[PDB]
>>> print(open('query.pdb').read())   # PDB, C-alpha atoms
ATOM      1  CA  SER U 452       0.000   0.000   0.000
ATOM      2  CA  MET U 453       0.984   3.624  -0.451
ATOM      3  CA  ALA U 454       3.384   5.054   2.132
ATOM      4  CA  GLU U 455       1.577   6.986   4.859
ATOM      5  CA  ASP U 456       2.031   8.747   8.182
ATOM      6  CA  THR U 457       1.388   5.761  10.462
ATOM      7  CA  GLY U 458       2.302   7.461  13.791
ATOM      8  CA  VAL U 459       5.559   5.438  13.883
ATOM      9  CA  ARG U 460       8.747   6.939  12.336
ATOM     10  CA  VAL U 461      11.589   4.853  10.879
ATOM     11  CA  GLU U 462      14.668   6.815   9.623
ATOM     12  CA  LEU U 463      18.407   6.434   8.957
ATOM     13  CA  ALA U 464      20.936   6.794  11.803
ATOM     14  CA  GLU U 465      23.708   7.525   9.270
ATOM     15  CA  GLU U 466      24.107   7.995   5.517
ATOM     16  CA  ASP U 467      23.818   4.816   3.412
ATOM     17  CA  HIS U 468      27.064   4.480   1.364
ATOM     18  CA  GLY U 469      25.637   1.489  -0.611
ATOM     19  CA  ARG U 470      28.712  -0.829  -0.099
ATOM     20  CA  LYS U 471      27.476  -3.116   2.727
ATOM     21  CA  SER U 472      24.434  -5.355   3.135
ATOM     22  CA  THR U 473      23.408  -3.548   6.383
ATOM     23  CA  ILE U 474      21.982  -0.095   7.212
ATOM     24  CA  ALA U 475      21.570   1.602  10.646
ATOM     25  CA  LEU U 476      17.994   2.665  11.505
ATOM     26  CA  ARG U 477      16.084   4.443  14.323
ATOM     27  CA  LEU U 478      12.365   4.017  15.201
ATOM     28  CA  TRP U 479      10.166   6.204  17.454
ATOM     29  CA  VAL U 480       6.505   7.058  18.134
ATOM     30  CA  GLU U 481       5.388  10.325  16.502
ATOM     31  CA  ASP U 482       1.596   9.993  17.250
ATOM     32  CA  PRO U 483       0.608   7.595  20.081
ATOM     33  CA  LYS U 484      -3.109   8.172  19.337
ATOM     34  CA  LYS U 485      -2.693   5.882  16.270
ATOM     35  CA  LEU U 486      -1.513   2.885  18.425
ATOM     36  CA  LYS U 487      -3.712   0.517  20.463
ATOM     37  CA  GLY U 488      -0.975   0.048  23.108
ATOM     38  CA  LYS U 489       0.724   3.155  24.451
ATOM     39  CA  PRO U 490       4.442   2.322  24.968
ATOM     40  CA  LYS U 491       6.905   3.504  27.581
ATOM     41  CA  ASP U 492       8.838   6.521  26.207
ATOM     42  CA  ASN U 493      12.498   5.518  26.466
ATOM     43  CA  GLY U 494      13.543   7.316  23.251
ATOM     44  CA  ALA U 495      14.315   5.972  19.818
ATOM     45  CA  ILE U 496      14.798   2.227  19.259
ATOM     46  CA  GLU U 497      18.079   1.807  17.323
ATOM     47  CA  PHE U 498      18.775  -1.237  15.143
ATOM     48  CA  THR U 499      20.917  -2.529  12.287
ATOM     49  CA  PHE U 500      18.910  -4.062   9.404
ATOM     50  CA  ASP U 501      20.358  -6.560   6.870
ATOM     51  CA  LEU U 502      18.849  -5.793   3.433
ATOM     52  CA  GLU U 503      19.961  -9.189   2.054
ATOM     53  CA  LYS U 504      18.801 -11.502   4.851
ATOM     54  CA  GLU U 505      16.024  -9.772   6.879
ATOM     55  CA  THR U 506      12.407  -8.692   6.299
ATOM     56  CA  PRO U 507      10.355  -5.878   7.882
ATOM     57  CA  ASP U 508       7.927  -8.498   9.274
ATOM     58  CA  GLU U 509      10.645 -10.445  11.112
ATOM     59  CA  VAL U 510      12.157  -7.336  12.756
ATOM     60  CA  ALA U 511       8.678  -6.019  13.743
ATOM     61  CA  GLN U 512       7.907  -9.405  15.338
ATOM     62  CA  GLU U 513      11.167  -9.322  17.319
ATOM     63  CA  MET U 514      10.119  -5.883  18.650
ATOM     64  CA  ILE U 515       6.812  -7.431  19.850
ATOM     65  CA  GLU U 516       8.720 -10.332  21.476
ATOM     66  CA  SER U 517      10.999  -7.784  23.228
ATOM     67  CA  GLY U 518       7.971  -5.924  24.713
ATOM     68  CA  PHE U 519       8.391  -2.661  22.776
ATOM     69  CA  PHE U 520       4.844  -2.601  21.256
ATOM     70  CA  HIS U 521       1.474  -4.299  21.772
ATOM     71  CA  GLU U 522       0.850  -7.308  19.509
ATOM     72  CA  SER U 523      -2.200  -5.557  17.952
ATOM     73  CA  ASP U 524       0.176  -2.876  16.558
ATOM     74  CA  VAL U 525       2.546  -5.320  14.768
ATOM     75  CA  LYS U 526       1.165  -4.500  11.252
ATOM     76  CA  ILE U 527       1.766  -0.739  11.812
ATOM     77  CA  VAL U 528       5.370  -1.343  12.969
ATOM     78  CA  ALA U 529       6.055  -3.666   9.983
ATOM     79  CA  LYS U 530       4.570  -1.165   7.462
ATOM     80  CA  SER U 531       6.646   1.719   8.899
ATOM     81  CA  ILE U 532       9.870  -0.289   8.517
ATOM     82  CA  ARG U 533       8.831  -1.502   5.018
ATOM     83  CA  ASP U 534       8.056   2.057   3.730
ATOM     84  CA  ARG U 535      11.566   3.262   4.765
ATOM     85  CA  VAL U 536      13.463   0.186   3.453
ATOM     86  CA  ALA U 537      11.674   0.519   0.057
ATOM     87  CA  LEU U 538      13.086   4.076  -0.319
ATOM     88  CA  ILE U 539      16.603   2.920   0.612
ATOM     89  CA  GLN U 540      16.452   0.117  -2.006
ATOM     90  CA  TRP U 541      15.074   2.480  -4.707
ATOM     91  CA  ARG U 542      18.029   4.823  -4.196
ATOM     92  CA  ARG U 543      20.576   1.948  -4.317
ATOM     93  CA  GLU U 544      19.132   0.641  -7.603
ATOM     94  CA  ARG U 545      17.896   3.759  -9.491
ATOM     95  CA  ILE U 546      19.962   6.793  -8.194
ATOM     96  CA  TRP U 547      23.290   5.684  -6.640
ATOM     97  CA  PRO U 548      24.813   3.921  -9.713
ATOM     98  CA  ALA U 549      26.945   5.956 -12.106
TER      99      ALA U 549
END
>>> encode(input="query.pdb", output="structure tokens")
Amino acid sequence: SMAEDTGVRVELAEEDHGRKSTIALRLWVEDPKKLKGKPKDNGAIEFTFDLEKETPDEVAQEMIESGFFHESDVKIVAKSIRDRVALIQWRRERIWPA
């Protein structure tokens, strides 16, 4: 589905140089009214994401298993990661090459 403002932000922690399989990301809650479970506010959740081996759904599920979000918000977390990773991959394939 089209990218949207889900209430959950996912953004780069540093520039993507395109040379490695991993990128460094940060996730935080921008609008808690859009979540069924209201999390503790301990700041951004940092994480490295492997573009070759990992999916947005697996990382979202690991965040549920770690207690960061309510299980009824898993689809919102997964979509927020997916929207950001799709932009990173577009740039690697369609902009970054000479």
>>> axis_aligned_box(input="query.pdb", around="range 513-520 of chain U", padding_each_side="3 Å", output="AutoDock Vina command-line options")
--center_x 8.0 --center_y -6.5 --center_z 21.0 --size_x 12.3 --size_y 13.7 --size_z 13.4
>>> closest_residue(input="query.pdb", among="U:540, U:496, U:491, U:528", to="residue 468 in chain U", atoms="only C-alpha atoms")
U:540
>>> closest_residue(input="query.pdb", among="U:534, U:492, U:503, U:481", to="residue 519 in chain U", atoms="only C-alpha atoms")
U:492
>>> atom_distance(input="query.pdb", atom1="CA of residue 489 in chain U", atom2="CA of residue 536 in chain U")
24.7 Å
>>> residues_around(input="query.pdb", residues="residue 512 in chain U", least_positions_apart="4", cutoff="9 Å", atoms="all atoms listed in the file", output="list in words")
residues 507, 508, 516, 517, 522, 525, 528 and 529 of chain U
>>> resolve_selection(input="query.pdb", expression="the PyMOL selection byres ((chain U and resi 453) around 12)", output="JSON, numbers by chain")
{"U": [452, 454, 455, 456, 457, 530, 531, 533, 534, 535, 537]}
>>> atom_distance(input="query.pdb", atom1="CA of residue 498 in chain U", atom2="CA of residue 548 in chain U")
26.1 Å
>>> residues_around(input="query.pdb", residues="range 460-463 of chain U", least_positions_apart="3", cutoff="7 Å", atoms="all atoms listed in the file", output="number ranges by chain")
U: 466, 475-481, 531-532, 535
>>> write_last_selection(input="query.pdb", atoms="C-alpha atoms", output="compact mmCIF listing (two decimals), in the coordinates of the input")
# COMPACT_ATOMS: atom_id res chain seq x y z
CA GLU U 466 24.11 8.00 5.52
CA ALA U 475 21.57 1.60 10.65
CA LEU U 476 17.99 2.66 11.50
CA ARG U 477 16.08 4.44 14.32
CA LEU U 478 12.36 4.02 15.20
CA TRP U 479 10.17 6.20 17.45
CA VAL U 480 6.50 7.06 18.13
CA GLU U 481 5.39 10.32 16.50
CA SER U 531 6.65 1.72 8.90
CA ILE U 532 9.87 -0.29 8.52
CA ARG U 535 11.57 3.26 4.76
>>> residues_around(input="query.pdb", residues="residue 470 in chain U", least_positions_apart="6", cutoff="12 Å", atoms="all atoms listed in the file", output="list in words")
residues 502, 543, 547 and 548 of chain U
>>> write_last_selection(input="query.pdb", atoms="C-alpha atoms", output="PDB file, keeping the file's coordinate frame")
ATOM      1  CA  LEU U 502      18.849  -5.793   3.433  1.00  0.00           C
ATOM      2  CA  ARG U 543      20.576   1.948  -4.317  1.00  0.00           C
ATOM      3  CA  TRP U 547      23.290   5.684  -6.640  1.00  0.00           C
ATOM      4  CA  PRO U 548      24.813   3.921  -9.713  1.00  0.00           C
TER       5      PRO U 548
END
>>> atom_distance(input="query.pdb", atom1="CA of residue 520 in chain U", atom2="CA of residue 472 in chain U")
26.8 Å
>>> closest_residue(input="query.pdb", among="U:524, U:544, U:513, U:497", to="residue 464 in chain U", atoms="only C-alpha atoms")
U:497
>>> closest_residue(input="query.pdb", among="U:459, U:549, U:515, U:539", to="residue 486 in chain U", atoms="all atoms listed in the file")
U:459
>>> decode(input="query.pdb", residues="range 466-501 of chain U", atoms="C-alpha atoms", output="mmCIF file, in the first residue's frame")
data_model
loop_
_atom_site.group_PDB
_atom_site.id
_atom_site.type_symbol
_atom_site.label_atom_id
_atom_site.label_comp_id
_atom_site.auth_asym_id
_atom_site.auth_seq_id
_atom_site.Cartn_x
_atom_site.Cartn_y
_atom_site.Cartn_z
ATOM 1 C CA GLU U 466 24.107 7.995 5.517
ATOM 2 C CA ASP U 467 23.818 4.816 3.412
ATOM 3 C CA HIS U 468 27.064 4.480 1.364
ATOM 4 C CA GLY U 469 25.637 1.489 -0.611
ATOM 5 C CA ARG U 470 28.712 -0.829 -0.099
ATOM 6 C CA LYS U 471 27.476 -3.116 2.727
ATOM 7 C CA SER U 472 24.434 -5.355 3.135
ATOM 8 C CA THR U 473 23.408 -3.548 6.383
ATOM 9 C CA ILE U 474 21.982 -0.095 7.212
ATOM 10 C CA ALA U 475 21.570 1.602 10.646
ATOM 11 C CA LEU U 476 17.994 2.665 11.505
ATOM 12 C CA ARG U 477 16.084 4.443 14.323
ATOM 13 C CA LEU U 478 12.365 4.017 15.201
ATOM 14 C CA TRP U 479 10.166 6.204 17.454
ATOM 15 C CA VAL U 480 6.505 7.058 18.134
ATOM 16 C CA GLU U 481 5.388 10.325 16.502
ATOM 17 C CA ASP U 482 1.596 9.993 17.250
ATOM 18 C CA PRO U 483 0.608 7.595 20.081
ATOM 19 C CA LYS U 484 -3.109 8.172 19.337
ATOM 20 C CA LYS U 485 -2.693 5.882 16.270
ATOM 21 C CA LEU U 486 -1.513 2.885 18.425
ATOM 22 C CA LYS U 487 -3.712 0.517 20.463
ATOM 23 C CA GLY U 488 -0.975 0.048 23.108
ATOM 24 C CA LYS U 489 0.724 3.155 24.451
ATOM 25 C CA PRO U 490 4.442 2.322 24.968
ATOM 26 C CA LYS U 491 6.905 3.504 27.581
ATOM 27 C CA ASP U 492 8.838 6.521 26.207
ATOM 28 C CA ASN U 493 12.498 5.518 26.466
ATOM 29 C CA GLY U 494 13.543 7.316 23.251
ATOM 30 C CA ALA U 495 14.315 5.972 19.818
ATOM 31 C CA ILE U 496 14.798 2.227 19.259
ATOM 32 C CA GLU U 497 18.079 1.807 17.323
ATOM 33 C CA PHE U 498 18.775 -1.237 15.143
ATOM 34 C CA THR U 499 20.917 -2.529 12.287
ATOM 35 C CA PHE U 500 18.910 -4.062 9.404
ATOM 36 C CA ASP U 501 20.358 -6.560 6.870
#
